[PDB]
Every structure is written in structure tokens, then in C-alpha cells.
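J.:
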Ligand SMILES: *[C@@H]1O[C@H](CO)[C@@H](O[C@@H]2O[C@H](CO)[C@@H](O[C@@H]3O[C@H](CO)[C@@H](O)[C@H](O)[C@@H]3O)[C@H](O)[C@H]2NC(C)=O)[C@H](O)[C@H]1NC(C)=O
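Residue numbers (the entry's author numbering), protein chains in the order written: chain B, 8 to 103; chain D, 8 to 54; chain C, 21 to 79.
Pasting the structure below:
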């Protein structure tokens with residue numbers, strides 16, 4: 008069972024172009040976002056800013072990362088994010 | 008000679024396993040230590 | 021004891037095809053991790069910010 012996961016992951020990451028978004032040239036990729044607020048620390052009047060800790064989660068479909076034959080969802084090591092396209096989300100009113 | 012030193016350094020660094028201490032199976036490696044104090048620039052009782 | 025070359029070949033043959041992306045016993049059973057902690061010191065308690073500092077060795 009292990010070697011099947013080896014082959015599947017290696018096949019998925021083989022020939023993957025991080026520079027191109029999913030469905031490049033096609034319709035826009037839909038990204039579903041949710042947040043879980045852990046705390047709001049310092050609402051400062053003098054600075055005009057609020058500090059906020061949160062778990063920020065994004066969901067998007069990618070045909071390149073589709074696999075079959077494994078009936079379970081794969082939780083990979085976080086560093087694999089360096090080898091994958093991720094949306095360029097950012098917070099506009101951020102100070103730091 | 009200059010070149011003698013130049014390839015001597017490369018000879019030294021070649022075949023060197025960083026992952027193992029000197030005398031890996033032998034006695035412990037002795038590490039002497041010196042400290043040259045430049046300055047103590049702060050002593051806070053608060054912290 | 022044994023030559024340094026023996027430990028070197030053992031070390032470089034340890035990795036081989038490892039693929040650290042995958043956890044041990046993936047798709048078989050949960051990976052059991054035993055946690056150990058040594059509290060070097062519990063730092064100052066900042067009542068203003070509702071926090072406290074702590075220094076630990078975590079294994
Ligand atoms: C792999 O991950 C997926 C995504 O989380 C898992 O699918 C989701 O499983 C949950 C629990 O079975 C589903 O929730 C239930 O769905 C029914 C029908 O919609 C709803 O009436 C219930 O209130 C509850 O929400 C969830 O729908 C499902 N996701 C989708 C898109 O259908 C899946 O179970 C995971 N598989 C493994 C082997 O880990």
C-alpha cells in the first residue's frame with residue numbers, strides 16, 4: 008500500500024508547473040475561504056489597529072492534483088506547498 | 008607553492024563527513040573555550 | 021570501533037527513496053507520538069497583555 012502512495016504522489020508532482028494557475032486560459036478558478044478566529048488581542052485607539060490570530064483556510068479544485076485508487080484523503084507535509092500553485096491571497100488593510 | 012596550497016585545501020575538504028564528530032568511535036573530543044568580552048551594555052533589573 | 025566509512029554508508033543508505041512528504045504508517049494506522057517536556061523556567065506573567073512566557077525543552 009505504501010508503494011502505491013509513493014507512485015501516486017510522484018506521478019502527481021511530476022511535470023507540474025507552479026507558475027500556471029489551475030485551468031489556465033479557461034474559466035476562473037474558484038477559491039472558497041473560511042476563517043477560525045483564535046483571539047483578538049489589542050484593539051488600540053492610539054495606533055488605530057487590531058491584532059488578530061486566525062486559522063485561514065482556502066479550498067480550490069485542481070485537475071493536475073487528481074488521483075484515483077486511494078480511497079482516503081492525503082495529508083502531505085507542509086513543505087509540499089512549495090511545489091504547488093497556491094492563490095496569491097493577501098489582506099489589504101494589513102499593517103504587519 | 009601557491010597551487011600546492013590551492014589543491015591541498017580541496018584535498019582536505021574532499022571526503023569529509025560533516026555528520027560525524029572527530030574520533031567518532033574514539034575517546035571524547037576535547038573543546039577548549041575562550042571568551043573575549045567586548046562590552047556589557049545593559050543590565051536591566053526590570054527584565 | 022567500526023570504520024567511519026561503515027557509518028557513512030549506513031547514513032547515506034538510510035535515506036535512499038524516503039519521501040518525507042508521507043508520514044510513517046500512512047494509510048495503515050495513526051502515528052503514535054510520545055511527548056516529553058522539561059520546563060527550564062516559566063517567564064514573567066504579563067497581566068496587562070494576559071500572557072506568560074515559558075522556556076521548555078520539548079521532545
Ligand atoms: C475525505 O474528505 C472529504 C471532504 O471533507 C470527506 O467528505 C465529507 O464527509 C462528510 C462526513 O461524511 C460529509 O458530511 C455529511 O454530508 C451529508 C450529505 O451532504 C450531510 O447531510 C451531513 O450533514 C454531513 O455534512 C461531507 O458532505 C463530505 N464532503 C462532500 C463534499 O460530500 C470524506 O469523507 C473524506 N474521506 C475519507 C476517507 O477521509
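No residue lacks a Cβ here, since even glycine has one placed at the ideal position from N, Cα and C.
Residue 78/C: which of 52/C, 70/C, 58/C sits nearest, CA to CA?
T.: Translated into positions along the third chain, residue 78/C becomes position 58. Out of 52/C, 70/C, 58/C, 58/C has the C-alpha closest to the C-alpha of residue 78/C.
J.: So the beta strand (DSSP E) residue 75/C belongs to, where does it begin and stop?
T.: Mapped onto the third chain, residue 75/C falls at position 55. Start and end: 71-78.
J.: So is residue 40/C in contact with chain B if we call contact Cβ pairs under 8 Å?
T.: Numbered from 1 along the third chain, position 20 holds the residue referred to as residue 40/C. Yes, contact with chain B.
J.: Give, in chain order, every residue of the stretch 9-29 of chain D whose Cβ lies closer than 7 Å to some Cβ of chain C.
T.: Within the stretch 9-29 of chain D, the residues whose Cβ lies closer than 7 Å to some Cβ of chain C are 24, 26, 27, listed in chain order.
J.: Between the C-alpha atoms of residue 94/B and residue 41/B, what's the straight-line distance to the nearest angstrom?
T.: The residue you call residue 94/B lines up with position 87 of the first chain. The residue you call residue 41/B lines up with position 34 of the first chain. One C-alpha to the other measures close to 14 Å.
J.: Measuring CA to CA, which of 72/B, 77/B, 76/B, 13/B is closest to residue 25/B?
T.: In the first chain, counting from the first residue as 1, residue 25/B sits at position 18. Of 72/B, 77/B, 76/B, 13/B, the residue nearest in Cα terms is 72/B.
J.: Considering only heavy atoms of ligand 1 and the C-beta of each residue, which residues fall inside 7 Å, strictly closer?
T.: In chain order, the hits are 78/B, 79/B, 80/B.
J.: List the residues of chain D whose Cβ lies closer than 9 Å to the Cβ of residue 34/C, in chain order.
T.: Counting from one through the third chain, the residue named residue 34/C turns up at place 14. By Cβ distance, chain D contributes nothing, its closest Cβ being about 11 Å from residue 34/C, past 9 Å.
J.: With respect to the beta strand (DSSP E) encompassing residue 60/C, which residues constitute its N-terminal and C-terminal limits?
T.: Here residue 60/C refers to the residue found at position 40 when the third chain is read from its first residue. Note, residue 60/C: beta strand (DSSP E), 57-66.
J.: Going along the stretch 31-44 of chain D in order, which residues come within less than 7 Å of chain C, judged by CB to CB distance?
T.: Those residues of the stretch 31-44 of chain D that come within reach of chain C (Cβ to Cβ, closer than 7 Å) are 31, 32.
J.: According to the Cβ coordinates, are residue 30/B and residue 38/B closer than 8 Å?
T.: On the first chain, position 23 is the one that residue 30/B refers to. On the first chain, position 31 is the one that residue 38/B refers to. In this structure, residue 38/B does not lie closer than 8 Å to residue 30/B by Cβ.
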